[PDB]
Ligand SMILES: Nc1nc2c(ncn2[C@@H]2O[C@H](COP(=O)(O)OP(=O)(O)OP(=O)(O)O)[C@@H](O)[C@H]2O)c(=O)[nH]1
Ligand SMILES: Nc1nc2c(ncn2[C@@H]2O[C@H](COP(=O)(O)OP(=O)(O)OP(=O)(O)O)[C@@H](O)[C@H]2O)c(=O)[nH]1
Ligand SMILES: Nc1nc2c(ncn2[C@@H]2O[C@H](COP(=O)(O)OP(=O)(O)O)[C@@H](O)[C@H]2O)c(=O)[nH]1
Ligand SMILES: [Mg+2]
Ligand SMILES: [Mg+2]
């Protein structure tokens with residue numbers, strides 16, 4: 001399970017860096033999308049792609 | 001026999017942070033939800049092995065609630081038993097009771113409704129709110145009103161935090177106190193008074209922590225709650241249910257206002273020097289310096305008292321201990337009640353939070369008592385209401401929100417009747 | 001049969017520091033409070049493997065109490081017993097009895113109360129104080145007043161330390177003595193006299209100590225305490241309790257001032273050679289060079305005598321020993337008293353202190369007598385009190401506190417009344 | 001005499017708080033099986049057993065299976081010290097059982113039979129904390145705790 | 001203490017006028033280029049100094 | 001618990017007081033940085049009497065420097081242990097009284113005292129149990145006495161329930177530094193005898209005789225004299241900072257020394273004072289400390305004590321000593337020198353033992369004698385005053401400041417009857 | 001208690017209090033022949049006031065190691081050899097016979113001078129020292145991120161009269177309370193035991209040095 005302090009509750013109005021670039025994904029998986037992104041995600045290409 | 005508790009406001013859901021901290025360790029529940037019969041009253045087991053609390057946290061300000069959502073008790077509470085609005089009530093009762101109250105409370109009670117669902121033997125409700133706040137007064141006195149039309153017959157145990165006599169936190173307290181008290185009377189069967197000065201007293205006198213904070217207060221509130229509910233959870237020689245307070249403590253439908261007292265409040269180092277006996281921990285609960293509400297129980301007369309016990313307590317000396325209590329003239333009962341004691345004995349010794357200011361003790365006593373000195377509290381707070389009223393001070397915050405002038409006059413006239421009662425009944 | 005012991009002032013609680021150092025050894029109690037049924041009269045068995053004394057050290061300055069809090073007996077006591085003010089009485093009777101005592105005695109006796117009820121067979125009190133000072137005499141008297149009105153019939157044994165004729169550490173002490181005895185004359189029951197100067201002589205002659213500090217004086221005072229009270233902790237062949245002193249030694253309701261002595265004051269080396277026996281330690285108790293009070297008893301006549309024995313003493317010979325004393329004509333009894341002894345025999349020998357100065361003797365005698373010589377002490381104090389008073393010297397401090405000349409002119413005549421009652425009873 | 005003059009009863013007995021302080025929440029849990037099939041109805045059945053190191057008391061909790069024929073009852077034996085022996089009962093005074101008469105933590109040996117009020121429970125397991133405690137304090141080998 | 005009682009501020013710290021006199025209008029100009037293309041918008045860009 | 005606030009006025013006081021803090025700092029083991037670097041734990045139980053913990057082991061003295069020239073305020077921070085004082089406490093004017101009592105007490109005090117009372121009020125309320133005040137000043141200078149005097153009277157109304165110690169050096173015709181000394185002292189003394197509770201008389205004349213006869217110093221600068229006075233001030237308050245067998249706090253002393261309200265002028269002393277030559281040769285027990293104590297040449301006042309009688313006398317011993325050996329000494333002196341002690345006050349000597357001797361010493365002492373020989377120090381001054389004031393010499397600097405001719409006639413009047421009632425009790 | 005333990009403990013006490021012991025010893029032998037009686041040897045230490053600080057077991061060990069049979073049936077203690085060590089603490093006597101030897105300004109073995117500044121004690125198990133440094137590292141990080149002062153909170157439990165007080169020290173339960181209640185961060189029992197064992201006092205093993213603990217969990221600079 002995802003029980004670390006880094007993950008957050010679904011009812012979390014607190015801010016998470018980069019949740020305005022996600023869609024069609026549950027919140028906990030959305031917090032996974034920002035930290036360890038998949039090659040198809042925009043959060044991956046804004047960070048680890050060569051210019 | 002299950003019981004559900006609703007925590008409303010800034011204060012209410014901070015004590016609930018300290019209440020639910022005790023329950024999970026007293027029953028050996030790890031802070032994530034499982035263990036490495038008696039919890040049936042508080043934690044409803046679900047699925048494989050994971051226990052979840054029977055309690056809701058609603059507050060219109062999203063600041064404190066999501067702290068819990070990211071505190072140490074994350075996996076314990078469920079995702080949806082934590083309700084949070086978008087903005088607060090800001091010490092304005094009317095603002096909490098009508099504008100925002102209407103938009104969230106039907107979401108609230110339609111969550112409690114599926115809390116009674118899984119429950120089977122719901123004993124009652126017990127609330128926590130600060131009558132001096134914006135949500136404690138508003139969203140409580142709105143929900144308390146709406147619960148009593150759904151269930152009605154069930155008892156309601158209020159643990160409300162009153163504004164201290166001279167110590168205070170906000171400026172418009174005496175307005176939100178009377179507007180809620182007007183609605184506390186006709187719905188709450190048994191309301192247990194709590195102060196903030198009187199508890200700042202105890203942390204300094206007994207636990208001698210000179211500069212205490214809230215987390216010291218909330219912890220020993222979480223004791224009294226667990227002490228008066230222990231009869232349902234564990235087995236005792238002489239146990240008292242949560243309906244006894246609805247029959248052993250309320251003589252009149254409107255005289256429902258109780259003082260609380262807990263003993264022995266002793267730190268770790270003064271513990272083993274002191275001789276812990278039933279003679280004095282029954283005595284300690286009666287000195288005026290050992291109450292949770294700043295008032296002198298000497299001025300009035302006790303209507304009815306109920307003494308809960310814990311741990312290794314033989315039923316013999318509890319009799320000879322209270323037998324002396326009647327023979328002290330420094331305290332006086334009302335002649336309209338020649339017998340007014342309700343002793344309840346239980347077997348579980350008081351569990352101490354790890355790293356708390358309290359010591360492991362073999363026994364403990366909580367005293368919930370009705371009296372007439374409380375009739376002084378509603379007076380001394382009443383006095384300061386009229387002063388701000390003749391000047392119409394802070395009023396336009398109320399009428400500007402939607403409410404009007406009438407309930408300012410009549411809630412003053414409602415509590416006006418309450419003074420005559422504690423005067424007349426004390427005669 | 002328990003007894004509580006309070007200590008007041010610099011001299012009082014310093015002596016008590018040597019008494020409890022002694023008791024913990026007489027019962028094998030380590031300083032931290034746990035043994036590895038005689039203790040019952042001094043220590044309440046609290047908790048499990050713990051014992052807390054029946055004692056309260058109190059004063060106005062912190063320096064001498066907080067020294068115990070950091071001493072080696074930190075864990076022995078109960079940190080609630082050790083009371084301490086903030087500003088000293090400064091050898092100013094009026095300051096500790098009218099200014100500073102007015103705030104601290106309420107906290108004092110309200111602690112003595114919850115030590116009394118914790119007892120079961122309370123015999124009486126025994127208090128320690130030096131009447132030369134301001135707090136030991138000033139509030140020591142004020143404290144004794146409120147004990148008498150509260151208990152009345154509990155025997156109060158005041159072990160005072162009077163100022164010496166020649167050696168003295170204060171200049172206003174003759175004032176503080178006369179003022180103190182104005183109350184102690186009528187409140188206490190059995191007031192024992194002790195000088196610092198007479199005890200200085202004992203250490204030089206018999207203990208061959210040429211430089212004795214207070215640490216020694218307070219040490220061999222505890223022996224006198226630990227002897228007359230051992231008739232309770234160890235059942236002797238001929239018991240004598242605290243009340244016996246009250247009726248055997250007080251021939252008139254005002255003459256309660258007992259000369260004390262003790263034997264043998266022997267060193268560890270001379271303990272080998274001296275053939276210790278009963279017929280000589282009885283003589284050693286009456287030689288005027290062995291009483292702790294600076295006075296020549298041969299100048300008066302014994303009102304009545306009392307003789308505590310300890311160790312290996314059979315009562316055949318104490319009859320013989322007392323017989324020879326009454327045959328000797330150098331010491332003479334008053335004609336009002338043909339039968340003049342209160343014999344007393346115990347079983348447990350004296351206890352030695354590792355690092356102490358007294359040896360392990362097989363037996364010992366503690367004589368507490370009553371003479372007509374003790375008038376000379378009050379005849380002496382009254383003179384040097386009258387000298388300074390004729391100039392009104394140092395008066396403007398006592399008056400300047402808030403007292404008046406009244407308390408001086410009327411206490412001066414009380415000692416006049418007392419001395420007149422000694423030359424009368426001596427007829 | 002002290003009792004009649006007013007004195008705390010726990011102080012009268014003594015040596016109570018010391019054990020409670022050191023072992024406040026220490027409970028040895030065992031899994032017993034009670035074979036009874038040899039009687040003229042019913043079957044064999046598992047139970048658990050709590051040994052409270054604080055008070056040396058025993059508490060036998062009955063575990064329940066889904067759709068068992070048994071009415072749900074949380075507890076099977078009250079929390080009182082086991083007698084371990086037959087004592088000539090007196091009709092007036094319920095027997096006072098001394099620690100020597102009662103069971104001790106050293107008696108459970110993981111393969112023995114426990115005469116619990118005539119019932120002979122065969123205990124057959126233990127929790128990790130109990131195994132660790134036995135190795136720590138009673139010098140048991142790893143193999144015994146199997 | 002001098003600042004309270006009234007004293008020229010520039011004289012309090014001191015050693016100011018000396019440099020200003022010797023180097024009054026002496027300015028070292030450099031052409032820097034700030035590469036930033038590695039961020040998620042925009043490019044590199046020249047500046048002066 | 002018990003606290004002392006320390007005020008230093010004028011050049012004479014600030015320099016003495018500077019040594020007083022370098023001394024007391026070392027008795028508790030804190031370096032000039034203000035951090036603890038001692039060894040015994042007993043150094044830190046009672047540092048609140050003299051210090052406040054600032055942040056992370058920094059201790060600041062509870063002192064208030066004050067004068068009317070920024071000259072001393074620079075020098076006081078020059079030397080070591082100058083970096084410990086709180087800069088906020090450095091209240092000081094700018095002009096300079098110029099050895100004029102009237103200017104310090106009427107002109108500059110008018111505009112600066114309201115500011116020093118501020119910081120005094122702050123330090124006093126910041127603590128819990130004020131034991132008293134400790135003023136280090138002089139009696140001949142202008143801003144020492146006149147400015148320091150008004151500060152006193154402004155206080156006795158504010159804290160009328162506290163002690164007040166003022167170590168004030170006096171002028172002597174052999175050390176005649178200024179010219180208007182008789183005008184300043186007599187003007188100052190008239191106010192101490194009303195407001196101050198008790199003052200310790202000092203003078204530079206006797207402090208030199210000590211530094212030649214017994215110390216055998218060749219060239220004793222002001223650094224050694226002020227170092228001697230610092231010891232006595234550091235000894236009087238030993239019963240507050242350290243546990244002792246027979247404790248005697250400040251008030252326990254006063255009530256034992258002052259028989260009548262107007263007689264509170266003490267002479268002082270200190271033992272052992274030994275040259276570093278005869279240090280290795282002499283015996284250090286209790287009788288030595290006493291014969292060197294009652295030695296008329298050891299008093300730090302130019303008043304021969306065998307020319308008068310001791311009303312009372314006190315002696316604070318420090319170190320592990322035998323209280324018998326201490327006391328029977330004081331008895332012997334009172335029996336042998338039977339004439340020099342008052343008849344109508346029996347047992348004129350109070351003793352006190354403290355368990356922590358000064359830094360480096362195994363044993364010390366301190367003498368405080370309320371004699372009647374201190375009358376001459378006022379007699380030699382009362383005549384210098386009346387010798388000048390007869391021709392009104394130097395007067396126009398006071399009359400042209402706010403004083404009238406009445407006050408000088410009144411000050412000498414009060415000073416006169418004061419000397420009268422020392423001779424009275426003798 | 002062994003001899004070296006008792007010896008350095010007595011040395012520490014006599015040096016820190018600057019107590020003159022020779023006075024109480026000389027009067028017990030009028031003849032200056034040394035060899036004072038054992039009772040008088042213990043008596044003089046009681047006079048000096050050392051009884052409060054050291055244990056009677058420790059005074060007993062000191063007597064038995066300096067005891068010497070002047071005769072087959074007579075035993076005494078040569079106080080001269082003992083007084084020799086007691087001034088070897090302060091200085092080095094008879095320096096005139098040897099100028100080349102250098103003496104230190106103070107005995108370094110007896111004194112800490114930094115017990116309120118640093119934790120001198122070391123844990124003998126390396127993994128135990130590893131864990132204690134790991135926990136303080138985590139704690140210093142949390143304190144620096146939150147901006148909490150540490151020593152300010154311990155002043156409360158120390159200053160009060162109702163606790164057994166010792167400067168720079170709070171006992172274990174009050175330490176734990178200030179650790180979790182007054183400060184935010186949460187610490188478990190094994191790490192509390194490590195935090196106690198490092199800053200524990202060796203004189204009195206139940207006092208915890210909060211001053212040193214604060215100084216190492218955040219430096220003042
Ligand atoms: N005893 C105790 N009182 C608390 C605690 N938290 C808040 N309070 C009390 O709450 C009062 C202020 O009202 P709040 O409850 O904070 O305000 P509110 O009810 O949430 O209403 P809004 O602030 O408008 O959202 C103060 O007077 C406190 O005494 C707590 O943790 N313990
Ligand atoms: N026997 C004995 N007498 C002592 C001791 N300490 C002080 N005294 C005597 O006590 C007398 C004065 O009384 P103290 O107790 O010291 O002073 P006080 O009563 O506490 O009054 P304050 O000093 O104002 O606190 C002195 O003259 C001493 O003779 C001691 O340790 N043993
Ligand atoms: N003991 C001592 N006396 C000093 C010192 N400096 C000055 N004096 C004396 O102070 C006297 C004058 O006092 P002064 O400082 O002028 O007072 P002020 O001008 O009002 O501050 C002179 O007679 C000096 O003897 C010093 O360092 N030590
Ligand atoms: Mg709120
Ligand atoms: Mg005293």
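Every residue number used here counts from 1 along the chain in the order it is shown.
In case you wondered, yes, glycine gets a Cβ from its N, Cα and C as well.
What Swiss-Prot records for this protein:
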- C:10, C:61, C:134, C:135, C:169, C:196, C:218: GTP binding site (BINDING)
- C:61: Mg(2+) binding site (BINDING)
- C:244: active site (ACT_SITE)
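Per-site Cβ counts within 10 Å over the binding-site residues C:10, C:135, C:196, C:218 peak at C:135. Applying an 8 A CB threshold to same-chain residues 6+ apart, the list for residue C:169 (GTP binding site) reads C:132. Candidate recorded positions C:135, C:218, C:244 yield none lying near chain F, with Cβ-Cβ distance under 8 angstroms. In the three-state DSSP assignment, the secondary structure recorded for residue C:134 (GTP binding site) is coil. Spread of the GTP binding residues is 22 Å (greatest Cα-Cα distance among C:10, C:61, C:134, C:135, C:169, C:196, C:218). In this structure, the recorded positions that sit close to ligand 5, with a C-beta under 6 angstroms from any of its atoms, are C:10, chosen from C:10, C:134, C:244. Put simply, residue C:244 (active site) is 30 Å from residue C:10 (GTP binding site) when counted between their Cα atoms. Candidate recorded positions: C:10, C:135, C:244. Those with a Cβ under 6 Å from ligand 2, in sequence order, are C:10, C:135. Classification of residue C:10 (GTP binding site) by DSSP places it within a helix. In the three-state DSSP scheme, residue C:196 (GTP binding site) is classed as helix.
Comparing residue C:135 (GTP binding site) with residue C:244 (active site), their Cα atoms are 30 Å apart once rounded. For residue C:134 (GTP binding site), the same-chain residues 6+ apart in sequence whose C-beta sits under 8 angstroms from its C-beta are C:88, C:89, C:90, C:91, C:92, C:93, C:95, C:96, C:176.
Shown are the recorded positions C:61, C:244; the one with the most C-beta atoms within 10 angstroms of its own C-beta is C:61. The separation of the residue listed as 'active site' from residue C:61 (GTP binding site), Cα to Cα, is 36 Å. In this structure the C-alpha atoms belonging to residue C:218 (GTP binding site) and the residue listed as 'active site' are separated by 26 Å.
On the backbone, the CA of residue C:196 (GTP binding site) and the CA of residue C:244 (active site) stand 27 Å apart.
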